[PDB]
Amino acid sequence: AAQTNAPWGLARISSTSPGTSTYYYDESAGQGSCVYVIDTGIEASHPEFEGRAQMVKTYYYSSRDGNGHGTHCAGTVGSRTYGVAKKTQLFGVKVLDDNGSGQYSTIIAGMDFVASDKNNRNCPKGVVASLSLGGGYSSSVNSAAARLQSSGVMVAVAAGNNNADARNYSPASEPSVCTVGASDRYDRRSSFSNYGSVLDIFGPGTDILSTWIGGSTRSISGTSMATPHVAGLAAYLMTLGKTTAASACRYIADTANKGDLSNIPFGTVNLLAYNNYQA
Ligand SMILES: [Ca+2]
Ligand SMILES: [Ca+2]
């Protein structure tokens, strides 16, 4: 399949070079996989989700996404126009309030919720969780992310937006998950992206068009936007049978575009997520 005039990040993850505009992908499109978006919620009624999104848990008064951030991330995972894995199932877990903030105890609870809830869901191609959130280092937060991964979920987490070493942020600093930095459409490390030895991969994160609340769309930037590209790529590759939840981060790193990015500090991987789709 080939989506013309796609958002630049979708085109980028199907090309060895920057500057293209078509997203080339296998039509299976993540069918049969499931992605939990652990965030401010998902506006499941958005036409771009085509009935494939639903809220499964909220830690606040409502399950509504009153912010937009979670809806945007979910759209990059799996919306029709803006998503990597256009046929995946999306499950929303609202651990962040409508200002985009959440206490670590609640974020931890949401991770352990996913680890259990996936045993209620029919996800024959496997389960992914996308965590476009974080704060300062916390061993408890890291341990929760490690448990979620251990339980059989491909966990992708944002590196953070501090232009600093991700070792000092959580869940970014948990080794066993997939820690995602951000790049721009000229293959530069995004100006805000964290870096460091703990990063596994980069994805598109500057000026990413996706869904928003009120049935709308907008373009925003962050490692929060790079993370769902990787989560959606994992779901897509799992549906194709190329990898598993335990091995997908390593597989994505194996198969990434290597050495394409600029302003990568020595000791940080120079790896950009790539679907290696060959029609
Ligand atoms: Ca290249
Ligand atoms: Ca890792």
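Values below: all heavy atoms of this structure, side chains included; hydrogens, waters and symmetry mates excluded. Residue numbers count from 1 along this sequence. Read the numbers this way: they start at 1 and go in the same order the structure lists the ligands and their atoms.
- Taking backbone and side chain together, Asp187 holds no N, O or S atom under 3.0 Å from the Ca ion (ligand 1).
- Taking backbone and side chain together, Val198 holds no N, O or S atom under 3.0 Å from the Ca ion (ligand 2).
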With salt bridge (charged side-chain N to carboxylate O under 4.0 Å, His left out) as the criterion, how do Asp117 and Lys57 come out once you've worked through the C-alpha distance, each side chain's angles and the decisive distance to 0.1 Å? CA-CA 10 Å; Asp117 182 74; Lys57 175 64 180 177; over 6 Å; no
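- The Ca ion (ligand 2) has no N, O or S atom of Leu199 closer than 3.0 Å.
- For the pair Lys86 and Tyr25, the cation sits on the ring face: its NZ or CZ lies under 6.0 Å from the ring centre, inside 45° of the axis.
- For the pair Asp187 and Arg12, the salt-bridge criterion is met [side-chain N within less than 4.0 Å of a carboxylate O].
- Here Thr16 meets the criterion, with an N, O or S atom under 3.0 Å of the Ca ion (ligand 1).
- A donor and an acceptor atom, one from each side chain of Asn99 and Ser101, are nowhere located under 3.5 Å apart.
- For residue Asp200, an N/O/S atom approaches the Ca ion (ligand 2) to within less than 3.0 Å.
- Both tests hold for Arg121 against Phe91: distance to the six-membered ring centre under 6.0 Å, angle to the ring axis within 45°.
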